[PDB]
Amino acid sequence: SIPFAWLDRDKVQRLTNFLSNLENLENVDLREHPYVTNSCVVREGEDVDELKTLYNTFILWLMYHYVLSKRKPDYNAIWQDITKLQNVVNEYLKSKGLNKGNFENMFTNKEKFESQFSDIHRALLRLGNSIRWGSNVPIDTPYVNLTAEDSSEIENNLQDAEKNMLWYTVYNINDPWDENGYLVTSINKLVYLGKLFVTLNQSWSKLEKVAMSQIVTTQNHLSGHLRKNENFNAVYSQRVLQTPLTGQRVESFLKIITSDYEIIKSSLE
Amino acid sequence: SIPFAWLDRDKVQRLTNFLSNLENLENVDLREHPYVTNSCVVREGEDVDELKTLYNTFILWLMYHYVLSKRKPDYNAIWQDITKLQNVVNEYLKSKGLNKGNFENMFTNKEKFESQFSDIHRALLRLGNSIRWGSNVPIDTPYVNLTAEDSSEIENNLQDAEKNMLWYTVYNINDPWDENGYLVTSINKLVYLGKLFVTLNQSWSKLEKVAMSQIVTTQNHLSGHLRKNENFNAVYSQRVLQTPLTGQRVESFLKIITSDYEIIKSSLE
Amino acid sequence: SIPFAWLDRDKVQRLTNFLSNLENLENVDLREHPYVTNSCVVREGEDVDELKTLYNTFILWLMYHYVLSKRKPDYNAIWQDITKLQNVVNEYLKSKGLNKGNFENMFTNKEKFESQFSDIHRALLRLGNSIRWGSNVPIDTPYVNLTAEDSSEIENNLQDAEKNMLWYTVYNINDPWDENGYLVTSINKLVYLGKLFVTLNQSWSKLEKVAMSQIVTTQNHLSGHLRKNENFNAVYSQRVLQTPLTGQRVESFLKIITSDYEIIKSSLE
Amino acid sequence: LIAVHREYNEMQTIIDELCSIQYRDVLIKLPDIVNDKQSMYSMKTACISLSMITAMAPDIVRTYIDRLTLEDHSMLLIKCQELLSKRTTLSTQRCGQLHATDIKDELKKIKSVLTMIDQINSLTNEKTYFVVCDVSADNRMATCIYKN
Amino acid sequence: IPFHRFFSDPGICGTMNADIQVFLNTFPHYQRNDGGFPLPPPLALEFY
Amino acid sequence: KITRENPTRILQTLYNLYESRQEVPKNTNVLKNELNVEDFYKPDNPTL
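Protein chains in written order, with PDB author numbering: chain A, 7 to 275; chain B, 7 to 275; chain C, 7 to 275; chain D, 149 to 296; chain E, 914 to 961; chain F, 482 to 529.
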C-alpha cells in the first residue's frame, strides 16, 4: 500500500496528494518544479541519506511514470474529428465542389501519412488555399485568417496544452461571424486540430522519454552502491532492482516492487 | 376560513401548504401521500376519531376535488394543435398524392371527432406510413420516433405528465437538422401530442372518479354513523350531509358546508 | 440610512415594519392607514408639531414614493399572456374559419398599441363574439361573459388587485367540465386579463399622482415655515430642501438628504 | 446581381467562375467582367424586377391565403403554409405596420407584381427561330427550316 | 349482464348501471329494444 | 370485427366497452334486415 521508504506522514501525504492530483495543475514537468525532491529526501545530511533517497527517487519517478501512462487521455478522439474535417469537406470541395483542385496532388497530400504525420508543409499549402479564399496575400497568421481576436487565446490554449497535455480542451470556432463559411471554418478547424494533435503527441513523448531516462539513470547509481555486499537479502535486492525496465513493463514491476518492498526495506544497510 | 375540524393549527397549516402546492409537487394522489390522512386524524384517539375523522376526511376529499376542479389546465390548447397537424398534414398529403388511403382519411376524420380512445387505437396503423417515409422499403419500427434519446425523453415526459397532469410541458420535437422529412416530423408531432392529450384526459378522469367515489363512500359511512341520534342538530347534520354531490355541485356544497360548519362543529358530540 | 433618530424607536420600528410589509398588507395606500400618520406626530405638543410634522411627513411621502418605484412589479408578464391570447386565439378564430372580423382584428392590433378606452370598446366587441360562440345565435347582454359564481369572484379579485397592485393573483378562469368551449374560455381569459391589466396601471398612476401631490404640498408648507430664520444653517436647509423633484430624481434627492441629514437636523431650531 | 454587392473578397474569382462557360468543348468568356462599362448592358430593371417579384410575393400570397379557407379548396391552403414557413420560418414577427392594410393597398400590390411579370415577358421565353435539319461538312453552314 | 340477442333491455340495464346510462345519453339510438345495441364484443358474435 | 375471450375474464371486464365511448359498427345482417321486401332487390341495397 503506497510503497515508500522511511518518510514522514506529511511527506507521504504530500507525495500521494501530488500523484493523485497530477491532472489539475498546469506544467506537469516533474523536472521543472523542484518542490517534490525536497520531500523525497529523507533527512540527516548525506550519511543516512544517499542510498535511501536514491531508492526513494527511483520509486517516485517510477510511480510518476505509472500514473502518467494510466491517466493519459485518448487523442484518437480528436484525430477522428481530423478525419471528419479532412475527408468530408476538403475532398468534396475539390471533387464534388468543382473548379480546379488537382485530385491526385491534393488527395495524396491528404491521404499520405495517415499515422505519424508531423508535416507543416501540408498546413502551409492549405493556408495558401484558405488565404487565397480570404482577403490578404501573406501567411502571417497560421490559423485564423483575416482576424486576430482569438489568435492570442489560441496561442494560450496551445501553450496550456503543452503545460498540461493530460487535460486538453478544444476551443471552438465562433459560428455567427466568419469570412467565408463552411469551407474556411473547416480549414481553420483542420489546421488547429492537426497542430493540437501533433503538439500533444510530442509533449507526451517528451515526458515519457524524460521519465524513462531518469529511471534508467537511477538504476545504475542504485546498483553500483548496492553491488558490494554479499548477504542473500542484499543480492536479491540487487537482482530485483537490476531487472530491466521499459515503459510498457513498468506497471507489473511496480506491483513486484511492492511485494518486494515487503523485504527490501530491511535489506538496506 | 379554512374550517377543517378540531385539528391543531400545525395540521391546518400542513393541509394549507399541501392544497396550495398541489400543482407544485409531483405524483398528485391522496393515496400516494398518506401524511395528509394522518394529519387529518384527530387528537385523543378513536373515541373522537370514530365520527370526526369521517367528517374530516370528507372535508379533505371535498376540498381536494375542489382544488382539482379549480386548478385544471385546459388541454384543448394541445388538442387545437392536434387538429391543425392532423388536418393540414394527413388528409392533404393523402389527397394530394397516393389516393388510396382515403378510407384511413375517413378514419382520421373520425379521429378529428372527439372519440379519442378509439381514435388513438390504430395509431400504429397510421404510424406505418410515417415509417415508410422516414426509411425507404417500409419495415416495422418501434412506436416512438426515430431519434433514440428523444424517444426516451418523450416517455420520460409522458410519465411526468401522468404523475402530474396539473403541470405539463410539451416536448416540441422539431429540429433544423432534418435527415427526417418535414411531413413525417409533423407526423411525429401528431403522435406525441395525441398520446399526451389522451394520457392527460385519462389520468384526470381517473383521479376525478376516484375522488367522487370516496366522497360518496364517506357520505354513506358518515350518514350511517349519524343515523342513530334524533336531536334536531343531529338530524339537520344528516339532512345537510346527505345531499347528493356531483362535480358541478361540489363547489356550492363547499360554501354550504362552511355556513353549516358554523353549526355542525357544535352539533357533533 | 434610516433617519429620525429623535423619534421613539418604537415608532421608527413601526415605520420600518410598514415600509417592509407594504407589499404584503392589503389596501396599499398611506391615506388608508391614519395610525401611520398619527404615529408620525411629533412630541412636546403643537409647538414642535408646527415645524417638525411637515419635515416628518415630507420624508414619509418621499420614502413612500421611493418604495413604490422600487417595489413596482412587472406588468409585461401579464401583457405577454394578453398578447399571446389575442394573437393566437383571434387569428385561429377568424383566419382559420369563417373570416368576418378582419376589420376587428385590425381593431385589436391598432388598439393594443396604446389605448385603454378602446380596450373597453374591445371588451364590448369581444363579449359580442363570446355570446355568439357560447350560445350559437347572436344576441346582446351586458357585462356577463359566463359563470355567475366566478363572476362574483372576479369582482373580489379586481378589488384585491386595485387595492394591492403590488401583490396580485391571476384567477385561472377555465372550467374542467366543458359546458362552454375552449374558445369561449379563451375569450373569458382575455377579458379578465385586460380588465386586470388596465386596473393595475390606472391604480399605479393614481398612487403616483397622489404621492407627487403630497410631496409638492409638503415642499410648499415646509419652505413657507422655514422662510423665517436667517441663520446659515436655515438658509442652507432652504437651498437643499427647495429643489424641485421628479419621479426619477427622488432617489438622488433621498441620497442627498441622507448625506446632509446632520446639518438639517442641526438647522431645525 | 452580384456586381452591385461590395465586400466579397472572392468577387474576382466568383465573377470569373460566372464568366467562364463551356458547351460542347467551345469555351467563351462572358465579357461582362468587373463593370468595364464597354457594354455591360447594366440590366438594372431586370434585376430590380426579379427582386421586386421575390419581395412582393410572400405577403401577397399571405394576404390571399389568410381568407376563405372554409370552402374546401383543400390543396392551396396547405401548400402555401408549407412553402412560406419553410423558407421564411420565422414569419412576420415585428410585422412592420401590425396588420393595418387597405384593400386599395392590396389592389396596388397585386397590380404592380403582375405588371412586373408581363413586362419581364422578354426574358421569360426564347422562341425557336430556326430548327436546323442538316449541317454541312466542317460546320461552315447548315440548311434549316424557319419557324416563328 | 346483457348477454343474449334477447334479454338485453337498455331501459333496464342503464337504470341499474350508470355507465350504460352515460353510454346511452351520448348515443341515444342504442336505446332501441328492437335490434342489437352492442353487447360486450366477446359476447356479440352474431354470425356464430 | 370478432373477438373471443374466456368467460372468467369477460364477467370482470364486461363494462369496459360501455365506459369507453366506442360505437360498434353495423353488422351485415342487421344492415340487411332493416331494408324492405322490395327495396332489397334494388341496386341501392349494399348487400346484394
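Just so it is clear, CB atoms sit at the ideal spot from N, CA and C, and this is done for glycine as well.
In this chain, the alpha helix (DSSP H) harbouring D156 (chain C) covers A154 to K169.
The three-state reading of DSSP puts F123 (chain C) in helix, counting H, G and I together.
Within the same chain, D125 come within 6 Å of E117 (chain B) by CB-CB distance, once the 5 residues on both sides are set aside.
Following the DSSP letters along the chain, one finds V511 (chain F) inside the alpha helix (DSSP H) bounded by residues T509 to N514. In chain order, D214, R215 and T217 make up the part of chain D whose C-beta sits under 8 Å from the C-beta of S101 (chain C). Using a Cβ-Cβ cut-off of 7 Å, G948 (chain E) is close to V511 of chain F, given in chain order.
The C-beta distance from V42 (chain B) to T59 (chain B) rounds to 12 Å, too long to fall under 8 Å, and the pair is not in contact. DSSP, read as helix, strand or coil, puts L36 (chain C) in coil. Taking 8 Å as the cut-off, the Cβ atoms of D922 (chain E) and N938 (chain E) do not count as close. Of all alpha-carbon atoms in A:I8, A:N135, A:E29 and A:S229, the one lying nearest the alpha-carbon of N170 (chain A) is that of A:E29.
Between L213 (chain B) and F64 (chain B), the CB-CB gap reaches or exceeds 8 Å. In summary, the residues of the segment 177–201 of chain C whose CB is separated from some CB of chain B by less than 7 Å are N178, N180, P182, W183, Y188 and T191, in the order they occur in the chain.
The alpha-carbon of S136 (chain A) is positioned some 48 Å away from that of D214 (chain D). The distance from the Cβ of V241 (chain C) to that of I263 (chain C) is about 16 Å, inconsistent with a contact at the 8 Å cut-off. By the CB criterion at 8 Å, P148 (chain A) and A129 (chain A) fall inside the cutoff. Shown here, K177 (chain D) sits in a strand according to DSSP, grouped into three states. If you look at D282 (chain D), you'll find it in the beta strand (DSSP E) that goes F278 to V283.
When DSSP reads this structure, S168 (chain D) sits in a beta bridge with D:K177. Neighbours of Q229 (chain D) in chain B, taken as residues whose beta carbon is under 7 Å from its own, are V94 in chain order.
In the structure shown, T291 (chain D) falls within a strand segment according to DSSP collapsed to helix, strand and coil. A contact between stretches requires three or more CB pairs, one per stretch, nearer than 8 Å, and the segment 86–104 of chain C fails this requirement with the segment 231–240 of chain D.
Among the CB atoms of chain C, one or more fall inside 8 Å of the CB of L246 (chain D). The beta carbon of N135 (chain A) does not come within 8 Å of any beta carbon belonging to chain D, so the residue lies off that interface.
Chain order gives the chain B residues near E155 (chain C) as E257 and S258, where near means a beta carbon separation below 8 Å. By the C-beta density criterion, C281 (chain D) is exposed, having fewer than 16 other C-beta atoms within 10 angstroms.
Restricting attention to B:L36, B:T153 and B:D80, the CA atom closest to the CA of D184 (chain C) is found in B:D80. If you ignore the 5 residues before and after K256 (chain D), its C-beta comes within less than 6 Å of no other C-beta in its own chain. Residues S921, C926 and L952 of the same chain have their beta carbon placed closer than 7 Å to that of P915 (chain E), with the five preceding and five following residues left out of the count. If you look at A217 (chain A), you'll find it in the alpha helix (DSSP H) that goes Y188 to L232.
Taking each of A:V150, A:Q254, A:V54 and A:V190 in turn and checking the Cα distance to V95 (chain A), the smallest one comes out for A:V190. Taking a 10 Å sphere around the C-beta of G140 (chain A), we find 16 or more other C-beta atoms and assign the residue as buried.
Identification of chain E residues near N508 (chain F) by a Cβ-Cβ cut-off of 7 Å yields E959, ordered along the chain.
Between the segment 66–74 of chain B and the segment 18–27 of chain B there are three or more inter-stretch CB-CB distances shorter than 8 Å, so the stretches are counted as touching. Leaving aside the five residues that flank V182 (chain D) on each side, none in its chain has a CB nearer than 6 Å to its CB. Within the same chain, Cβ atoms closer than 7 Å to the Cβ of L25 (chain C) are found at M69 and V73, the five residues on either side in sequence being excluded. Here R138 (chain A) carries a helix assignment [DSSP, helix/strand/coil].
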